[PDB]
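Order of writing sets the chain letters: A, B, C, D, E and F. Residues in each chain are counted from 1.
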């Protein structure tokens, strides 16, 4: 699902294929380093800091699954764990640096629970700024003091 | 895309297949360690410190994509990041040593933003000497004090 | 046998399939991260801090074996050893942190001897709070000063 | 010759096939982790801290040779050397910890000279408690202050 | 070729099958830990500190080859190198400890050039006491200050 | 190509099969540790510190290739790199100790560029004494202060 969004040879973020859409955090500079994906029609929402595009048939096989079911506990991401409690995601400050946008936070069954956009460093833990689902909806949860990765 | 250019058993640089051409920095000693590629007709420009050759049909599948879209920000390369600002690329002095020619600097979507030729060490940062694109053109940006890798 | 019980993306404990039932410590927040298991009919006992459910035919193959035969000596668990003496289980303080509920303590032949619920830290050793068997019965042994993991 | 004697997944000692019998130190908890060997008829002597069983034809090939010829000097064991003098075996304190029962002490020609049961730590050297041969007999030599391994 | 000579469970030296004979340094206590070899007729020479026995047909396949051709240079042994110069063998003091008798020193083609009996520690180098060949003869070279291993 | 030249069990140098001849530095004591090679007719030149012999048909397959093409740059040898500039070879003082004669210095394509005979230690770099080719000739380059390895 993760496809990197390059900008003049510099990887600036990522783009996941979640379900039937190709998502990419709007704030991220650059184009998707996949020919087919770059050529698509992207719709941009500044509200959700998103910029999605409906996936082509031949890529739907590589499309990941998403979910709203996000019980308190621990999740997985590129940089290890993600504590999830209080409708809030957190990672140990320093695991996520800029350039980590568009990465998915998934459960142990693979399902994508949310997509990182940035994070508010609050001591030992950074409270992640995310794009999450909600009973057939796409919400956006963002903490005060949040940077954009 | 990267194919190493050997010289008497010593790897002296690299050669990327960007788009429909096989590029290789002219200054680099040796031949490409790929049978098919070595046998091609190479045209050499001393202006761009380049020596390209139009890719054979069977290798076009392994051909990478390139781009002029290079917004300020961060890029990826073999040795980590590449700061890109002021129409200038930079890496932390010491990441790129000689023998790193022909390596591509790409964005997060894979697209090749530029190709390293060498670099001018200016303290903590080395300003890279590169071959970059420009709205259907191949330009060459090189800083004063530049060595050839 | 171990299946993790997630709560909003945060793993809060575990659930083992011991024999013909699927056990889970009642105190644990969340749902079992296995589709089939979540959908079952769970009966809850506050007496035993348990919440079991009779296993479906297709999962009985992955069902572990249990036993009352627990002679003094050493047992195995996720975090190494477990001293067992005086009808009491103990682990070196610090091996078991919260989030370790529902984990089994087994013998060298695989049989599950007990299931952790929490533990009373008493110096170098923590005396474990467990669910154990007893000649075709399910007992619960818990020490004073016990926390819930 | 060495076959480990497991007890609830915990290796508690060993069992060697010396000559035509399968020996095992009686004090050791558990069963032999070899199907065929477990099923045999074991005779137990509390005098010699032994529990032998006459070897099956198909295993006699893997049966080791034993000997009474034990001249003063050095012997081999799992944990290096064994000083042998004064009708006494010794190893540097700390080489043999509990769980080392049933291991053989052999000569440079392979012959098994004795079988460890435990040992009396007497400073830098521990004087081993052993089962040894004696002109077609099985004797047992044990020092004061001996533990059982 | 190497077969260990055990003494009451303590390995005291070794025995190599060189050519058509089974050699063993006479000074070594114990019996050969190979049934067939122990049962043979051994002839002992105190002159050569040897005790050879003509090899049985079924073991001749595992018999090693020997040679008198020993040009100055380096040889191989269990404990690395062996300098050979001045009709003298040497190893760095400390490579060979007692219990290393009967070990062969061979060339890069496998041929056994000599058999260790002991050695005279003379500083950084120990000059080995050996049994060597000499145009269809078995000689014995031994340095002043030699111990027996 | 490299075959070691032993002397009384002590490896004193080497012998490479370069092209159609078997070369060996004349100064080296001992015989080649290869039966077939030892039996050949060797011609010795004191001028070139060489002692070559025309290779037998069955060994010509294992014969290496040589070359006069030696452009300034870096070469390979047993002990790493070899700087080559000013018609001179050099290695960092200490890489080549005595006993390194007859070793080849080759290019990245395998071709043997020269054969070491010894070297003049001149500080941090030792300027190698070599046997090199020259448009269908065998020359010998040797620096003042050269030892023989």
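Basically, a contact is a pair of C-beta atoms (placed from the backbone, for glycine too) under 8 Å apart; a residue touches a chain by one contact, two chains touch by 3 or more.
Legend: contact pairs of B-F compared by residue number with A-B, A-C or C-D; the interface matching in over half of them is C-D. Taking D-E and E-F together, the pair of chains sharing more C-beta contacts is D-E. Centroid to centroid, with C-alpha atoms defining each point, chain B and chain E lie 62 Å apart. Distance from the chain D centre to the chain E centre is 31 Å, each centre being the mean of its Cα atoms.
With each centre defined as the average position of its C-alpha atoms, the distance from chain C to chain F rounds to 71 Å.
Chain E and chain F have centres, each the mean of its CA atoms, that are 35 Å apart. Looking at chain E, no residue sits in touch with two or more other chains. All chains join into a single ring; listed from chain B onward through chain F, they run B, F, E, D, C, A. Of all residues in chain B, only 65, 67, 69-77, 81-84, 89, 104-114, 132 touch chain A in the complex they form. Considering their complex, residues 71, 73-76, 106-111 of chain C touch chain D.
Only residues 4-12, 29-31, 33 of chain F touch chain E when the two sit together in their complex.
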